[PDB]
Ligand SMILES: Nc1ncnc2c1ncn2[C@@H]1O[C@H](COP(=O)(O)OP(=O)(O)O)[C@@H](O)[C@H]1O
């Protein structure tokens with residue numbers, strides 16, 4: 001499997017010669033969303049033996065365990081440029097053969113510009129000239145980092161520090177000086193009207209191919225269209241910046257072998273000894289040009305064409321495009337950086353500082369727990385029957401009709417149904433398993449949320465607060481916390497806790513530690529905050545308990561809870577003249593009874609607003625989960641007050657968790673299924 005845009009029958013020719021030498025016939029096909037279908041089909045132990053695609057999507061298949069560990073000897077590795085092998089490396093395993101190589105180059109109008117500039121610094125001057133003569137120095141696509149990054153990386157920007165065939169996921173080069181200088185100089189071109197911020201791909205292409213501008217930046221795909229344009233063009237090295245080369249992301253067309261294929265040995269023989277040779281690549285190139293190639297020997301032939309030469313010069317000076325899931329997060333962080341600094345609505349420093357922290361953001365998954373409580377007094381009186389069960393991980397709902405069985409897996413399932421059961425879940429168990437780690441995250445400097453989700457009676461309060469005979473999460477957490485402060489607090493580090501306790505009622509904010517509506521506002525770095533919310537210093541749990549008593553006295557009636565209570569602990573961790581502060585927000589949120597209890601006043605507005613608010617929470621949480629698995633999505637924080645307020649404590653580097661409580665009873669099976677399905681929403 002190779003692409004349709006490539007040279008298929010040329011590759012078939014190399015297979016048509018493989019049969020001759022071996023006797024084994026060749027499999028060359030170019031089907032469909034081949035890249036999108038390959039993981040669909042390779043996942044079930046099918047697909048082709050060999051797949052040809054760019055290394056972009058190869059990093060994923062590898063993670064999915066889909067490609068085999070290739071095993072060329074050094075002798076063979078030495079035949080291709082050493083940098084190309086970094087493309088086809090995942091989790092420190094060689095997982096494909098580099099084939100072709102692709103990179104942005106400087107493209108210029110020989111007629112307008114016989115001697116193109118070596119140097120970015122030249123362009124303003126160059127431009128001033130061409131504009132006086134009714135033309136322009138340079139137009140390229142300023143909309144997307146793929147194109148802008150090269151200049152940005154020149155003085156030292158980088159996406160993820162790559163060392164031991166490892167990308168330090170945590171080491172990002174978007175904030176740094178090298179990146180500031182590139183973006184700054186870029187932005188200046190714009191400021192000084194040497195380029196337009198609105199310039200995208202088509203404008204740029206149109207302009208260059210019509211003879212309106214002297215220069216553009218594009219990749220070999222763009223050549224053909226110039227050819228048709230009859231514009232007299234040259235393709236060359238990108239300009240230096242601060243005497244350092246521009247660093248475009250390199251795209252390596254690479255050939256991997258299916259982990260499923262039994263032809264692993266035969267495939268290797270084919271790629272190494274047939275395809276990857278002067279003859280073998282010429283066969284393909286002749287059909288449809290490979291651009292620059294990884295095979296040193298043949299590239300040297302190809303680089304006779306100085307356009308190709310230059311794709312190579314620039315690929316080598318560039319950086320292999322990371323095939324990791326975090327690249328997305330990077331792409332979008334930097335896109336937004338550049339858009340806003342080019343706009344002038346935001347300084348370079350602030351743009352890139354914002355982008356660093358989005359590109360470097362953990363995006364940890366949301367932890368979902370479930371707890372099934374014992375039969376309530378009321379349910380026993382109702383002669384209630386069990387409809388909820390455990391099996392191993394799985395919580396299973398078996399409808400009385402016995403046709404309907406719904407099952408669910410959460411990160412953890414707390415089975416507190418029968419105080420007996422060899423896996424019964426006590427209060428301590430619930431704490432140690434779900435919340436303790438949050439406290440460890442809080443101490444590491446991460447913001448955290450614990451949401452408590454369920455219908456009235458399902459055990460939210462029991463779980464969160466508890467009773468003197470049986471203390472729930474909040475009390476244990478605080479006493480864990482304070483005992484750890486005691487431990488940790490030293491002449492090196494100091495701990496300070498403040499506490500706010502508010503509620504979201506009908507999307508309004510009410511402070512429970514004093515009912516007037518407080519206004520939400522937003523800081524552009526530190527995010528949403530409540531204007532006029534009390535922050536009471538705390539020193540022990542007893543302090544908090546006072547406060548949570550005062551607060552809960554003023555929360556919500558029916559006795560159902562009809563607001564979302566937000567218990568918050570801001571903890572400042574001051575070390576020392578030279579003394580930083582590390583801030584963790586800890587939000588413990590008792591959500592409102594999920595009952596969609598809709599029958600026959602302002603009690604209704606509540607219901608409406610609770611359903612709406614909880615739906616939005618779920619949406620964002622769901623978005624979070626998807627985000628955490630690396631896919632670009634929109635997170636509707638702003639769509640609900642609770643979610644907007646906790647924005648900075650939800651995503652980013654934050655640690656979010658939810659405990660859904662349910663009733664084991666047949667009476668409640670529908671709300672139980674609402675809850676459990678909700679909690680799945682959250683993966
Ligand atoms: N996991 C549990 N194990 C034993 N009893 C529970 C459990 N959860 C709730 N209960 C019992 O049910 C009562 C009501 O619990 P509660 O958490 O207030 O539900 P909600 O907070 O949603 O109203 C508690 O006082 C307790 O006796």
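Residue 1 is the first one shown; counting continues down the chain.
Cβ atoms here come from the backbone N, Cα and C positions, even for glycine.
Annotated features in Swiss-Prot:
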type	residues	note
BINDING	454, 455, 456, 457, 458, 459, 460, 461	ATP binding site
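For reference, the PDB entry has these:
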type	residues	note
SEQADV	353-361	linker
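Residues 462, 593, 661, 663 surround the recorded ATP site, their Cβ atoms falling within 8 Å of the Cβ centroid of 454, 455, 456, 457, 458, 459, 460, 461, which are themselves excluded. Sequence-distant contacts of residue 457 (ATP binding site), defined as residues of its own chain at least six apart whose C-beta falls under 8 angstroms from its C-beta, comprise 376, 378, 663, 668. Taking each Cβ in turn and tallying the other Cβ atoms within 10 Å, the top scorer among the binding-site residues 454, 459 is 454. A simple Cβ count within 10 Å picks out one of the binding-site residues 455, 461 as the most packed, and that one is 455. Highlighted here are the binding-site residues (455, 456, 460) whose C-beta falls below 6 Å from ligand 1: 456, 460, in sequence order.
With 3 residues left out of the model between residue 600 and residue 601, the distance spanned by their C-alpha atoms equals 9 Å.
The Cβ neighbour count for residue 456 (ATP binding site), using a 10 Å radius over every protein chain in view, is 18. With 8 residues not built between them, residue 514 and residue 515 have C-alpha atoms separated by a whole-number distance of 8 Å. Chain break remark: 6 residues absent between residue 558 and residue 559, end-to-end distance 5 Å (Cα atoms, rounded to whole Å).
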